[PDB]
Protein chains: 2
Amino acid sequence: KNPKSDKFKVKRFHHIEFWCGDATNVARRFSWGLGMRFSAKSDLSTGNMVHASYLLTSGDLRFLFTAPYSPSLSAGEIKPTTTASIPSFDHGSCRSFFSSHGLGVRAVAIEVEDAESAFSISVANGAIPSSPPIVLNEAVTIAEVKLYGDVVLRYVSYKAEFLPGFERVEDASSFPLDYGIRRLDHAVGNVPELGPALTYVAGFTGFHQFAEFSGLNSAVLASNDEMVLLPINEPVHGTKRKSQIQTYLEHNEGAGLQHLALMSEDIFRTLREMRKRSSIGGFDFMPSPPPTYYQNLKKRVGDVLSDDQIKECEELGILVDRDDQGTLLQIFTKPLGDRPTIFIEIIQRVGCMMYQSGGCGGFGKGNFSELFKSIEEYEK
Amino acid sequence: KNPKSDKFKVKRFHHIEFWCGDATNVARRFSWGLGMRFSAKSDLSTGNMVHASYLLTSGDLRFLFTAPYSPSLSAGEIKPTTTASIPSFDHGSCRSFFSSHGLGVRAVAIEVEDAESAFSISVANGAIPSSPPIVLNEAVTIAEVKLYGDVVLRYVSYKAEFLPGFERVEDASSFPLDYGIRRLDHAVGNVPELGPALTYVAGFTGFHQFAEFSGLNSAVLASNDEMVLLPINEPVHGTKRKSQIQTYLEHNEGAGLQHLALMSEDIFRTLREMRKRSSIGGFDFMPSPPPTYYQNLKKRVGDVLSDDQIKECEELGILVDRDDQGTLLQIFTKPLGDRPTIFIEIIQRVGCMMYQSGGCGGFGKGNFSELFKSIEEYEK
Ligand SMILES: CC(C)=CC[C@@H](O)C1=CC(=O)c2c(O)ccc(O)c2C1=O
Ligand SMILES: CC(C)=CC[C@@H](O)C1=CC(=O)c2c(O)ccc(O)c2C1=O
Ligand SMILES: [Co+2]
Ligand SMILES: [Co+2]
């Protein structure tokens with residue numbers, strides 16, 4: 001049941017902004033590890049005396065990495081005279097954000113038809129304002145509201161290249177890395193209480209609940225066409241194994257973004273490329289499910305995947321689950337930084353062709369059962 | 001003239017510790033970019049609730065990358081009950097250090113015969129104490145005094161693997177990267193006034209001035225055998241081109257470590273390996289000197305280098321200068337992080353065989369002249 005209750009025209013995921021201690025080093029690590037190209041910069045060399053911001057792109061996926069310079073560099077400036085290309089930036093907020101959470105996502109950015117109206121409607125509908133709409137060079141408008149914890153949902157809209165004040169990067173500094181990742185599929189938040197979080201965000205967006213088929217309860221909010229997907233988790237206390245959501249909240253000092261799901265146009269090549277680089281600067285992956293998990297795969301998705309594609313799944317450690325609508329291939333990295341907080345998920349969806357509809361195959365919740373009922377190989 | 005006036009037995013450079021926002025991401029970047037192996041860890045997985053510390057090694061070169069966790073994780077601990085493996089660590093100092101300077105070197109560590117006595121003698125001789133001697137597990141003793149700005153000179157001594165509480169890293173997480181770098185040759189500080197800095201450090205170490213053959217004045221302090229080498233620079237104001245030392249001091253918020261000189265056992269393979277990786281996560285190098293600089297190289301070092309080695313120097317952008325004692329091959333990276341502050345120098349020394357004596361060939365001061373008198377190619 002899709003009631004199509006968006007309160008403003010929401011287009012697509014536009015970018016994800018990390019707040020870092022040092023943007024250069026995180027961005028270069030992510031570039032190698034994920035296969036993303038250096039696309040745009042705003043820093044000292046572009047006149048920005050306030051922050052360093054570097055953009056990586058892969059297909060439609062945009063990762064923005066931002067860190068503050070010394071406040072002294074911009075001591076004479078005021079907000080009207082700022083050289084920051086992202087006027088919502090604030091040294092005190094960024095240092096407090098990073099000191100409090102460590103490396104993680106500050107902004108989940110979505111493109112809307114009119115950022116000023118989306119901000120006005122949102123706040124009128126319960127959104128906590130974070131940064132009011134600002135018009136960059138008569139061309140781009142950006143506005144921010146609180147999402148959960150210190151994460152903001154950022155609205156961007158264009159009259160008609162990333163943002164004004166960013167420069168395209170000279171191509172000799174821009175090596176065309178690509179491991180197949182093409183767009184952001186969904187972005188997941190962890191909160192201490194799901195209900196009030198759901199009520200708040202659904203409240204000011206009009207996003208509807210997306211239908212689903214140990215440790216947490218979750219739910220998914222979605223825009224009209226279900227291209228913007230925002231799952232949210234809460235912990236379930238009192239279990240046998242401690243909730244990883246609870247571990248997240250402890251180490252992150254509260255609510256925040258748990259993981260980013262990146263859609264690959266060929267998940268097998270992406271995982272081959274990423275695994276080759278795990279131990280030489282890239283990302284590590286969670287431990288692989290046992291071979292019994294893969295001995296049981298022929299029976300539920302042998303429909304969709306050949307024996308060859310199934311055996312390739314076992315090599316790369318890929319997990320597979322299925323909706324009534326499509327099939328989902330997924331895998332999870334280990335945490336991206338020091339803290340056991342943010343990680344990345346690689347995914348590819350098969351089915352639901354109309355273009356492909358969002359959430360096709362769901363989010364893998366069928367894999368808790370498939371996984372637990374596979375650790376019965378410890379008796380095999 | 002070497003008066004051999006060390007006030008305590010100084011052995012060798014032991015390690016360099018960076019204070020980071022996120023140790024994981026800086027360490028993985030440095031590992032790929034420089035060819036260093038993941039060797040030791042102290043973090044949550046080893047019981048350290050206070051900081052994450054990762055060690056990279058290449059030959060004798062040890063780079064330590066440290067970042068604080070949330071203070072909350074260790075709120076119940078006191079210094080006697082600390083889980084930090086480096087008891088000099090302090091959340092407030094590290095966050096203040098990093099917020100103030102950004103990514104850079106916190107500790108220049110040298111191995112001494114007795115860290116407690118070296119600390120006592122130092123302070124008795126004018127050193128500002130930073131962290132008093134602590135004995136780690138009846139085996140290792142560590143003590144810290146102020147060097148310049150917020151950089152500490154760290155004394156370590158062993159009764160008889162890096163430090164207690166560090167774990168060796170499982171070899172599947174430890175890929176044997178190596179591009180030829182073998183040890184730290186010297187570590188360079190920038191200060192607003194050279195004289196008082198020189199007086200202070202020579203004061204409590206007994207290190208002597210090392211004899212030399214636009215923008216700055218400098219001098220070099222050295223231990224008895226001249227294996228520990230500590231150049232220090234100050235700016236010269238009023239020039240035509242602004243002092244880069246002054247630019248350093250502005251962006252670093254004051255004095256600090258300018259660059260690390262890493263000795264390669266084969267600088268041509270190191271630079272080939274590093275340049276291949278510049279645009280895919282590694283380090284960038286300063287612009288190459290003009291071909292006229294290389295057309296003039298046959299006349300001064302054609303003695304030491306073949307036409308082939310000279311043409312290889314032009315390919316890799318290597319600079320070459322010469323003492324009366326030896327020949328020095330060097331090159332400089334661009335800044336390692338967001339700020340135009342810390343960078344790295346790659347070097348290899350030829351000559352002064354006795355083992356090779358320290359500073360053989362000097363530090364390249366002859367290249368200001370060779371470089372300026374080469375930009376007369378803009379008229380060629
Ligand atoms: C293996 C790991 C570090 C975390 C997995 C787990 O926390 C998780 C990931 C996820 O992606 C997801 C959804 O996408 C949707 C519902 C839902 O319960 C979940 C999840 O539980
Ligand atoms: C190209 C660049 C970013 C910086 C070069 C310059 O700042 C420099 C480097 C250096 O290594 C050095 C010595 O090793 C010794 C004396 C001395 O004056 C110097 C230097 O001036
Ligand atoms: Co997911
Ligand atoms: Co040098």
# chains A, B, ... in the order shown; residues from 1 in each chain; ligands from 1
>>> residues_near_ligand(ligand="ligand 3", cutoff="8 Å", atoms="only C-alpha atoms and all ligand atoms", output="MDAnalysis selection string")
chainID A and resid 186:188 231 259:261 345 363:364
>>> interface_residues(of="chain B", to="chain A", cutoff="9 Å", atoms="only C-alpha atoms", output="PyMOL selection string")
chain B and resi 20-33+35+37-38+43-44+52+67-73+95+98-103+172-175+177+250-253+278-282+284+336-339
>>> residues_around(residues="residue 154 in chain A", least_positions_apart="5", cutoff="6 Å", atoms="only C-alpha atoms", output="list in words")
residues 108, 109, 143 and 144 of chain A
>>> residues_near_ligand(ligand="ligand 2", cutoff="10 Å", atoms="only C-alpha atoms and all ligand atoms", output="number ranges by chain")
B: 186-188, 190, 212, 214-220, 230-235, 243-245, 248, 258-261, 285-287, 330-335, 340-347, 359, 362-368
>>> select_by_dssp(residues="range 37-153 of chain B", states="strand (DSSP E)", output="NGL selection string")
:B and (37-42 or 51-58 or 61-68 or 104-112 or 129-136 or 140-148 or 151-153)
>>> write_last_selection(atoms="N, CA and C atoms", output="short mmCIF file (atom, residue, chain, number, x, y, z; two decimals), in the first residue's frame")
data_model
loop_
_atom_site.label_atom_id
_atom_site.label_comp_id
_atom_site.auth_asym_id
_atom_site.auth_seq_id
_atom_site.Cartn_x
_atom_site.Cartn_y
_atom_site.Cartn_z
N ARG B 37 53.82 -1.94 6.48
CA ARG B 37 53.06 -3.10 6.92
C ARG B 37 52.34 -2.79 8.23
N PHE B 38 51.11 -3.29 8.36
CA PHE B 38 50.42 -3.22 9.65
C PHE B 38 51.09 -4.18 10.61
N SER B 39 51.67 -3.67 11.68
CA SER B 39 52.48 -4.48 12.58
C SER B 39 51.90 -4.70 13.97
N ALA B 40 51.30 -3.69 14.58
CA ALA B 40 50.82 -3.85 15.93
C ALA B 40 49.56 -3.00 16.12
N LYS B 41 48.69 -3.44 17.04
CA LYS B 41 47.49 -2.68 17.36
C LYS B 41 47.28 -2.63 18.87
N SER B 42 46.68 -1.53 19.30
CA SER B 42 46.13 -1.40 20.65
C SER B 42 44.84 -0.60 20.49
N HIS B 51 42.06 4.82 23.70
CA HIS B 51 42.48 5.29 22.39
C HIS B 51 42.66 4.12 21.44
N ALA B 52 42.58 4.41 20.15
CA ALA B 52 42.96 3.46 19.12
C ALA B 52 44.33 3.83 18.59
N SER B 53 45.25 2.87 18.58
CA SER B 53 46.62 3.09 18.13
C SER B 53 47.05 1.97 17.19
N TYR B 54 47.47 2.33 15.98
CA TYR B 54 47.89 1.35 14.98
C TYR B 54 49.31 1.66 14.53
N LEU B 55 50.14 0.62 14.49
CA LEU B 55 51.55 0.78 14.13
C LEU B 55 51.79 0.24 12.73
N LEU B 56 52.45 1.05 11.90
CA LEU B 56 52.96 0.62 10.61
C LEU B 56 54.48 0.58 10.68
N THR B 57 55.09 -0.40 10.00
CA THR B 57 56.53 -0.54 9.98
C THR B 57 57.02 -0.74 8.55
N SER B 58 58.20 -0.22 8.26
CA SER B 58 58.92 -0.53 7.02
C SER B 58 60.40 -0.53 7.38
N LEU B 61 61.60 1.73 10.26
CA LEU B 61 60.74 2.90 10.37
C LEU B 61 59.43 2.49 11.03
N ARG B 62 59.08 3.15 12.13
CA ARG B 62 57.82 2.89 12.82
C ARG B 62 56.98 4.17 12.86
N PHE B 63 55.80 4.12 12.23
CA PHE B 63 54.79 5.18 12.28
C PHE B 63 53.65 4.69 13.15
N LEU B 64 53.32 5.44 14.20
CA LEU B 64 52.22 5.12 15.10
C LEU B 64 51.08 6.10 14.89
N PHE B 65 49.85 5.59 14.70
CA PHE B 65 48.67 6.42 14.43
C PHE B 65 47.67 6.24 15.56
N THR B 66 47.36 7.33 16.26
CA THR B 66 46.55 7.27 17.47
C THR B 66 45.41 8.27 17.41
N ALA B 67 44.23 7.84 17.85
CA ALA B 67 43.03 8.66 17.96
C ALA B 67 42.24 8.29 19.21
N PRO B 68 41.59 9.27 19.84
CA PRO B 68 40.78 8.98 21.03
C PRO B 68 39.41 8.41 20.70
N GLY B 104 49.01 15.75 12.44
CA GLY B 104 50.43 16.00 12.50
C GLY B 104 51.08 15.15 13.57
N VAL B 105 52.38 15.36 13.73
CA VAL B 105 53.17 14.54 14.64
C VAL B 105 53.03 15.07 16.06
N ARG B 106 52.60 14.20 16.97
CA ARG B 106 52.60 14.50 18.40
C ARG B 106 53.93 14.16 19.07
N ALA B 107 54.53 13.00 18.78
CA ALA B 107 55.74 12.56 19.47
C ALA B 107 56.83 12.18 18.48
N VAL B 108 58.01 12.74 18.67
CA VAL B 108 59.26 12.24 18.10
C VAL B 108 59.90 11.36 19.17
N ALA B 109 59.95 10.05 18.94
CA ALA B 109 60.41 9.10 19.94
C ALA B 109 61.80 8.60 19.60
N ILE B 110 62.70 8.64 20.59
CA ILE B 110 64.05 8.10 20.46
C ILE B 110 64.27 7.05 21.53
N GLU B 111 64.98 5.99 21.18
CA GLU B 111 65.34 4.97 22.16
C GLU B 111 66.58 5.44 22.91
N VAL B 112 66.52 5.36 24.23
CA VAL B 112 67.64 5.71 25.09
C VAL B 112 67.99 4.51 25.95
N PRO B 129 58.75 19.34 31.48
CA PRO B 129 58.21 17.98 31.56
C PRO B 129 56.86 17.91 30.88
N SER B 130 56.58 16.76 30.29
CA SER B 130 55.28 16.53 29.68
C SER B 130 54.59 15.31 30.26
N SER B 131 55.29 14.19 30.38
CA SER B 131 54.72 13.04 31.02
C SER B 131 55.89 12.40 31.74
N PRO B 132 55.74 12.10 33.03
CA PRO B 132 56.86 11.56 33.80
C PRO B 132 57.12 10.12 33.42
N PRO B 133 58.26 9.55 33.81
CA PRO B 133 58.55 8.17 33.42
C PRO B 133 57.52 7.22 34.00
N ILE B 134 57.02 6.32 33.17
CA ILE B 134 56.13 5.26 33.62
C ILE B 134 56.74 3.95 33.15
N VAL B 135 56.65 2.92 33.99
CA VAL B 135 57.20 1.61 33.68
C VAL B 135 56.06 0.70 33.25
N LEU B 136 56.09 0.27 31.99
CA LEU B 136 55.05 -0.59 31.43
C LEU B 136 55.44 -2.04 31.65
N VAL B 140 59.27 -2.01 29.89
CA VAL B 140 59.51 -0.84 29.05
C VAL B 140 59.23 0.41 29.86
N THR B 141 60.07 1.41 29.70
CA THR B 141 59.90 2.68 30.38
C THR B 141 59.79 3.79 29.35
N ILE B 142 58.83 4.67 29.56
CA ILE B 142 58.56 5.75 28.62
C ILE B 142 58.38 7.05 29.40
N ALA B 143 58.93 8.14 28.86
CA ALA B 143 58.87 9.46 29.46
C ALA B 143 58.84 10.50 28.35
N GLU B 144 58.25 11.67 28.64
CA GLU B 144 58.07 12.67 27.60
C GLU B 144 58.40 14.07 28.10
N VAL B 145 59.12 14.84 27.27
CA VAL B 145 59.36 16.25 27.51
C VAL B 145 58.96 17.05 26.27
N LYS B 146 58.67 18.34 26.48
CA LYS B 146 58.27 19.20 25.38
C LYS B 146 59.43 19.44 24.44
N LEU B 147 59.15 19.41 23.13
CA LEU B 147 60.18 19.65 22.12
C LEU B 147 60.04 21.03 21.50
N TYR B 148 58.91 21.28 20.85
CA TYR B 148 58.54 22.61 20.38
C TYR B 148 57.05 22.57 20.08
N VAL B 151 54.72 19.46 20.27
CA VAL B 151 55.41 18.22 19.94
C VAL B 151 56.26 17.83 21.13
N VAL B 152 56.21 16.56 21.52
CA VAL B 152 57.01 16.05 22.62
C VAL B 152 58.14 15.19 22.05
N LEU B 153 59.29 15.24 22.73
CA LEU B 153 60.36 14.27 22.51
C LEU B 153 60.17 13.15 23.52
#
>>> residues_around(residues="residue 118 in chain B", least_positions_apart="2", cutoff="9 Å", atoms="only C-alpha atoms", output="PyMOL selection string")
chain B and resi 7-10+112-116+120-123+143+155+205
>>> write_last_selection(atoms="N, CA and C atoms", output="compact mmCIF listing (two decimals), in the first residue's frame")
# COMPACT_ATOMS: atom_id res chain seq x y z
N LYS B 7 74.03 14.21 27.13
CA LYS B 7 73.92 14.13 28.58
C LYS B 7 73.38 12.78 29.04
N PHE B 8 72.95 11.93 28.12
CA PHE B 8 72.53 10.57 28.42
C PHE B 8 72.72 9.76 27.15
N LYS B 9 72.81 8.44 27.31
CA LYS B 9 73.03 7.58 26.15
C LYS B 9 71.77 7.58 25.29
N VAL B 10 71.89 8.14 24.09
CA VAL B 10 70.83 8.17 23.08
C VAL B 10 71.16 7.13 22.03
N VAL B 112 66.52 5.36 24.23
CA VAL B 112 67.64 5.71 25.09
C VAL B 112 67.99 4.51 25.95
N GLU B 113 69.11 4.62 26.67
CA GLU B 113 69.51 3.51 27.53
C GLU B 113 68.65 3.44 28.78
N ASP B 114 68.24 4.58 29.33
CA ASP B 114 67.43 4.57 30.54
C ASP B 114 66.50 5.77 30.47
N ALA B 115 65.22 5.50 30.21
CA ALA B 115 64.26 6.58 29.99
C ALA B 115 64.05 7.41 31.25
N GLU B 116 64.04 6.77 32.43
CA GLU B 116 63.86 7.54 33.66
C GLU B 116 65.01 8.51 33.89
N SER B 120 64.97 12.61 33.89
CA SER B 120 65.46 13.38 35.03
C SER B 120 66.55 14.36 34.61
N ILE B 121 67.56 13.87 33.89
CA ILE B 121 68.64 14.73 33.43
C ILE B 121 68.10 15.86 32.57
N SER B 122 67.20 15.53 31.63
CA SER B 122 66.61 16.54 30.75
C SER B 122 65.97 17.67 31.54
N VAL B 123 65.04 17.32 32.43
CA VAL B 123 64.32 18.35 33.18
C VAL B 123 65.28 19.15 34.05
N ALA B 143 58.93 8.14 28.86
CA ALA B 143 58.87 9.46 29.46
C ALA B 143 58.84 10.50 28.35
N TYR B 155 61.13 9.55 25.29
CA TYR B 155 62.19 8.61 25.60
C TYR B 155 61.59 7.24 25.87
N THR B 205 69.37 18.33 26.03
CA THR B 205 69.88 17.10 25.44
C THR B 205 71.39 17.02 25.50
>>> select_by_dssp(residues="range 244-375 of chain A", states="helix (DSSP H, G or I)", output="ChimeraX atom specification")
/A:244-251,267-276,278-280,291-295,297-301,307-316,366-372,375
>>> residues_around(residues="residue 226 in chain A", least_positions_apart="5", cutoff="12 Å", atoms="only C-alpha atoms", output="number ranges by chain")
A: 1-6, 10-13, 185-186, 207-211, 220-221, 231, 356-360, 362
>>> closest_residue(among="B:96, B:88, B:374, B:117", to="residue 288 in chain B", atoms="only C-alpha atoms")
B:374
>>> closest_residue(among="B:271, B:313, B:86, B:50", to="residue 74 in chain B", atoms="only C-alpha atoms")
B:50
>>> residues_around(residues="residue 254 in chain B", least_positions_apart="5", cutoff="8 Å", atoms="only C-alpha atoms", output="count of residues only")
5
>>> decode(residues="range 296-319 of chain A", atoms="N, CA, C and O atoms", output="CSV table (one decimal), in the first residue's frame")
chain,number,residue,atom,x,y,z
A,296,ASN,N,22.5,-24.4,1.2
A,296,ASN,CA,21.1,-24.2,1.2
A,296,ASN,C,20.6,-23.1,0.2
A,296,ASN,O,19.4,-22.8,0.2
A,297,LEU,N,21.5,-22.5,-0.5
A,297,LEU,CA,21.1,-21.4,-1.4
A,297,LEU,C,20.4,-21.9,-2.7
A,297,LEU,O,19.5,-21.3,-3.3
A,298,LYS,N,20.8,-23.1,-3.2
A,298,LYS,CA,20.2,-23.7,-4.4
A,298,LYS,C,18.7,-23.8,-4.2
A,298,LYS,O,18.0,-23.6,-5.2
A,299,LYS,N,18.2,-24.1,-3.0
A,299,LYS,CA,16.8,-24.4,-2.8
A,299,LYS,C,15.9,-23.2,-2.8
A,299,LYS,O,14.7,-23.3,-3.1
A,300,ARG,N,16.4,-22.0,-2.5
A,300,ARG,CA,15.5,-20.9,-2.5
A,300,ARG,C,15.8,-19.8,-3.6
A,300,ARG,O,14.8,-19.1,-3.9
A,301,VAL,N,16.9,-19.8,-4.2
A,301,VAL,CA,17.2,-18.8,-5.3
A,301,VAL,C,17.9,-19.5,-6.5
A,301,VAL,O,18.3,-18.8,-7.4
A,302,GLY,N,18.0,-20.8,-6.4
A,302,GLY,CA,18.4,-21.6,-7.6
A,302,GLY,C,17.6,-21.2,-8.8
A,302,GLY,O,18.0,-21.4,-10.0
A,303,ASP,N,16.4,-20.8,-8.6
A,303,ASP,CA,15.6,-20.1,-9.6
A,303,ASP,C,16.3,-19.0,-10.3
A,303,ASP,O,16.3,-18.9,-11.5
A,304,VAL,N,17.0,-18.1,-9.5
A,304,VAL,CA,17.5,-16.8,-10.0
A,304,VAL,C,18.9,-16.9,-10.4
A,304,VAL,O,19.4,-16.2,-11.3
A,305,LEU,N,19.7,-17.7,-9.7
A,305,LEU,CA,21.1,-17.7,-9.9
A,305,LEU,C,21.6,-19.1,-10.3
A,305,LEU,O,21.2,-20.1,-9.8
A,306,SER,N,22.6,-19.1,-11.3
A,306,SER,CA,23.2,-20.4,-11.7
A,306,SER,C,24.0,-20.9,-10.6
A,306,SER,O,24.4,-20.3,-9.7
A,307,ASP,N,24.4,-22.2,-10.8
A,307,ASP,CA,25.4,-22.9,-9.9
A,307,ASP,C,26.6,-22.0,-9.9
A,307,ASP,O,27.3,-22.0,-8.9
A,308,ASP,N,27.0,-21.5,-11.0
A,308,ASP,CA,28.2,-20.7,-11.1
A,308,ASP,C,28.1,-19.4,-10.3
A,308,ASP,O,29.0,-19.0,-9.6
A,309,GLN,N,27.0,-18.7,-10.5
A,309,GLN,CA,26.8,-17.5,-9.7
A,309,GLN,C,26.6,-17.8,-8.2
A,309,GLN,O,27.0,-17.0,-7.4
A,310,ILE,N,26.1,-18.9,-7.9
A,310,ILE,CA,26.0,-19.3,-6.5
A,310,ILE,C,27.4,-19.6,-5.9
A,310,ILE,O,27.7,-19.1,-4.8
A,311,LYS,N,28.2,-20.4,-6.6
A,311,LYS,CA,29.6,-20.6,-6.1
A,311,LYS,C,30.4,-19.4,-6.1
A,311,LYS,O,31.3,-19.2,-5.2
A,312,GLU,N,30.2,-18.4,-7.0
A,312,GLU,CA,30.8,-17.1,-6.9
A,312,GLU,C,30.3,-16.4,-5.6
A,312,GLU,O,31.1,-15.7,-5.0
A,313,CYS,N,29.0,-16.5,-5.3
A,313,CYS,CA,28.6,-15.9,-4.0
A,313,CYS,C,29.4,-16.5,-2.8
A,313,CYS,O,29.7,-15.7,-1.9
A,314,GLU,N,29.6,-17.8,-2.8
A,314,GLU,CA,30.4,-18.4,-1.7
A,314,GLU,C,31.8,-17.8,-1.7
A,314,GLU,O,32.4,-17.6,-0.6
A,315,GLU,N,32.4,-17.6,-2.9
A,315,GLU,CA,33.8,-17.1,-2.9
A,315,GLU,C,33.8,-15.7,-2.3
A,315,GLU,O,34.7,-15.4,-1.5
A,316,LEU,N,32.9,-14.9,-2.7
A,316,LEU,CA,32.9,-13.5,-2.3
A,316,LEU,C,32.2,-13.2,-0.9
A,316,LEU,O,32.3,-12.1,-0.4
A,317,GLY,N,31.6,-14.2,-0.3
A,317,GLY,CA,30.9,-14.1,0.9
A,317,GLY,C,29.6,-13.4,0.8
A,317,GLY,O,29.1,-12.9,1.8
A,318,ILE,N,29.0,-13.3,-0.4
A,318,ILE,CA,27.8,-12.6,-0.6
A,318,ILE,C,26.6,-13.3,0.1
A,318,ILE,O,26.6,-14.5,0.1
A,319,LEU,N,25.7,-12.5,0.7
A,319,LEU,CA,24.4,-13.1,1.2
A,319,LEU,C,23.4,-12.8,0.1
A,319,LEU,O,23.5,-11.9,-0.7
